[PDB]
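J.: coords below, sequence missing:
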Ligand SMILES: CCCCCCCCCCCCC/C=C\[C@H](O)[C@H](N)CO
């Protein structure tokens, strides 16, 4: 419990489930990540979103 | 407690008693199985069951 | 818990977070120190302190 | 003291990052819903505009007649944690007895993980990466033979003095981190933090690190990020004399706590140099293989 | 014994004849209403699509 | 209510009648640097209308055998306007961008352009062809200004990476049957909250004809392409003498 928060994800929205036997958090396991996706960020990056049914160009 | 349910029996009626030091459940021990039998499935697979005393062909 | 308080910081204002598997405390880890500074002791060691705005020689 | 309306009604100083998106939990694959025939006008989910630059928002529920499928396939193996936490070769150092490379019992190897194509192309998929690491040193003879020899693995960060020989005084490792091992013992394995002055490493730096005129003389600086130069890894045979076992140290790096930004096109041409996306312009290869005709397979 | 969703959500076996129309009583000819001048845009009751 | 657009920023205004839509890069709008993220203590100058406005670089002619062009950012605006003087007079820089590419043609012309934003578009060399020489590109070719530079090997984007997978970055497509504009809004992309405009280029703007331009003779054979770009949410810091390079 007494250990330095000094990994490269301290200050990230995702929470991990790690094992560590040291005071340095970057020595811990890779753990399990959170399963959260954002495909809209790369695949539909438009200011004015449009639906499936809507023909986009009116 | 935080570990992936990723063994080849996750989704089986039988419950195990395993030991694991990893997050991968397929690394765990073989454990103890449940002692449940179904000999009727191979030995008396008939639509119309008949008793011991009943002569089967009436 | 039963162990000799025989490290070179027993009798210091700072508290540590150590691991030990022996009864001798000097065998324990270096641990985490407390983050406490006293720069006034070396950098402004004056009997009559003066402020930033105050021109010191009146 | 703000009085005019041209500064009360302002958006200057708006530090909040306004995003159009929201990351939602996707532990499993998307399930399929039951769909029927549609025989209507106005709504056309198959006609798209790729000119917008977005991708098709279509479904199979909108394009064929489908059944309810409950997908229980996990998205947990496409994480960066799983894709990168696989120890790969990043370096290989030889400590021969004679020759031309390192005939004097020591060798320095400047850290770049861009000397073997298998791990390079996998990190060069992204532009920025922030990770801890785990290095592993597999030392042996050219023949693979294991021998009773003691080694010293010193990390020499930038600014620190590089050792000029085996009996140099930098090996005393008073503040530098070092590791001693026998080769009859298992491979060493140390964990490493994120050690750059920036918030992430970057395998592509579009620019020059130094100011000043940029001529043909010092043109080799193009692309050099000193925020990635984490220093030098040195290795010697601990001794006052010459060894008798030739040695080869192989370095195997594994990432942890990975974060990455800005994917890129993956390379389809062969690498030729380190930290340099050059290619052979005479032998340009397609990123696939060919046919003879488009109508015949 | 229907269990899958591909048969609960089905329209197979729909014997009812779905009609778009409705027969209404027309004992007499349609009457005429009083009409005025229109000098507007958007609405064009003379332009059709056969 | 989608094929028309009026982009108004500052004392400039672009009207469009044949738009597709506006792309916002990586789903983030341009912004200013927080106090959490900042490190430099100097108070930055935020000129809000004298540099956040549309500039117009030059024209490139889409001929039949055109291969492509690239423009490196913010090298395009370091000799142009009040932006390019503050960038000289200051050491740091931080701005987003709104890029706008125009190519107008008839309803009897045909063709397509890919307009992509590739961050950290590092340039490669042909290595003498053989692959033996560790040659490096000149300053004319790395940072070519607002007159841009043409691609020799556009399949690999002159870096060994394929054109096909470039649609994983920002992009729009100018299909002369469908549109004649392409609007991409780019945030600031760097590992650092601030960087120098004269040494580091944040991204490159690729313009590549995937489909060749075709017209029958009688029509107009000259089809230009004009790049029109606005800084957004610009910030400057670290004031000293003006230096050009
Ligand atoms: C006891 C020995 C410990 C050795 C520790 C070595 C520290 C290395 C940290 C990882 C650095 C990441 C990779 C470096 C950056 C890039 O590969 C290149 N420098 C830029 O192309």
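T.: Yes, it's here. Residues are numbered from 1 along each chain as shown, chains lettered A, B, ... in the order given.
J.: most centrally placed residue in the chain?
T.: Let's take chain A. Geometric centre of chain A, nearest residue: residue A:14, 5.2 Å, by C-alpha atoms, centre = their mean.
J.: hmm, I had chain D in mind actually
T.: Of all residues in chain D, the one closest to the mean position by C-alpha atoms, centre = their mean is residue D:123, 2.9 Å from it.
J.: if you count neighbours, what's buried in stretch D:75-84?
T.: With burial defined by 16 or more other C-beta atoms under 10 Å in any protein chain shown, the residues of stretch D:75-84 counted as buried are D:76, D:79, D:80, D:81, D:84. For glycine as for every other residue, the C-beta is placed from the backbone atoms N, C-alpha and C.
J.: dihedrals phi and psi, residue F:174?
T.: With angles defined as degrees, to the nearest 10, residue F:174 shows backbone torsions of phi -100, psi 100.
J.: contacting residues around it?
T.: Residues counted as contacts of residue F:174 (C-beta atoms under 8 Å, 6 or more residues apart in numbering or on different chains) are D:51, F:101, F:103, F:112, F:113, F:115, F:180, F:181, F:182.
J.: residue D:140 now?
T.: D:146, D:183, D:247, D:248, D:250.
J.: just the buried residues of those.
T.: Among these, the ones that count as buried by 16+ other C-beta under 10 Å are D:183, D:247, D:248, D:250.
J.: out of these, flag the one nearest to residue F:13.
T.: Taking C-beta to C-beta as the measure, residue F:13 sits nearest to residue D:250 out of the buried ones among the contacts of residue D:140, at 61.9 Å.
J.: tell me the spacing between that closest one and the ligand.
T.: For residue D:250, the distance to the ligand under the criterion C-beta to the nearest ligand atom, to the nearest Å works out to 14 Å.
J.: that's a strand at that residue, yeah?
T.: Yes. Per DSSP: H, G, I helix; E, B strand; the rest coil, residue D:250 lies within a strand segment.
J.: next, give phi and psi for the nearest residue to it once chain neighbours are set aside.
T.: Spatially, and ignoring its direct neighbours in sequence, residue D:250 is nearest to residue D:138 (4.6 Å; C-beta to C-beta, 6 or more residues apart in numbering or on different chains). When quoted as degrees, to the nearest 10, the phi and psi of residue D:138 stand at phi -110, psi 100.
J.: count the neighbours of residue D:138 for me.
T.: Burial measure for residue D:138: 16 neighbouring residues, criterion other C-beta atoms under 10 Å in any protein chain shown.
J.: cool, residue D:145 as well?
T.: Applying other C-beta under 10 Å, we find 10 residues neighbouring residue D:145.
J.: same question, residue F:176
T.: 24.
J.: mind listing what it touches?
T.: The neighbours of residue F:176, taking C-beta under 8 Å, 6+ apart as the test, are F:103, F:105, F:109, F:110, F:111, F:112.
J.: repeat that for residue A:15.
T.: With C-beta under 8 Å, 6+ apart, residue A:15 has these contacts: residue A:34.
J.: strands of chain A, residue ranges please.
T.: With strands called from DSSP state E, chain A shows them at A:36-37.
J.: give me the distance between the closest residue to residue A:22 other than its chain neighbours and chain D.
T.: Among residues not flanking residue A:22 along the chain, residue A:3 sits closest, at 7.3 Å (C-beta to C-beta, 6+ apart). Between residue A:3 and chain D the distance, using C-beta to the nearest C-beta, to the nearest Å, works out to 13 Å.
J.: what residues does the stretch 51-200 of chain D put near chain A?
T.: For the stretch 51-200 of chain D, the residues found near chain A under the criterion C-beta under 8 Å from any C-beta of the partner chain are D:52-55, D:57-59, D:62, D:74-76, D:79-81, D:85, D:130-132, D:191-194.
J.: now, of the residues you listed, which are buried?
T.: Buried residues within these, counting neighbours by 16+ other C-beta under 10 Å: D:52-54, D:57, D:62, D:76, D:79-81, D:85, D:130-132, D:191-194.
J.: spatially central, which residue of chain F would that be?
T.: The geometric centre of chain F, computed from its C-alpha atoms, lies nearest to residue F:205 (C-alpha atoms, centre = their mean), at 3.8 Å.
J.: distance check, the residue in chain F positioned nearest to chain A against residue B:3.
T.: When distances are taken as C-beta to the nearest C-beta, chain F approaches chain A most closely through residue F:27, which lies 4.2 Å from it. Relative to residue B:3, residue F:27 is positioned 34 Å away (C-beta to C-beta, to the nearest Å).
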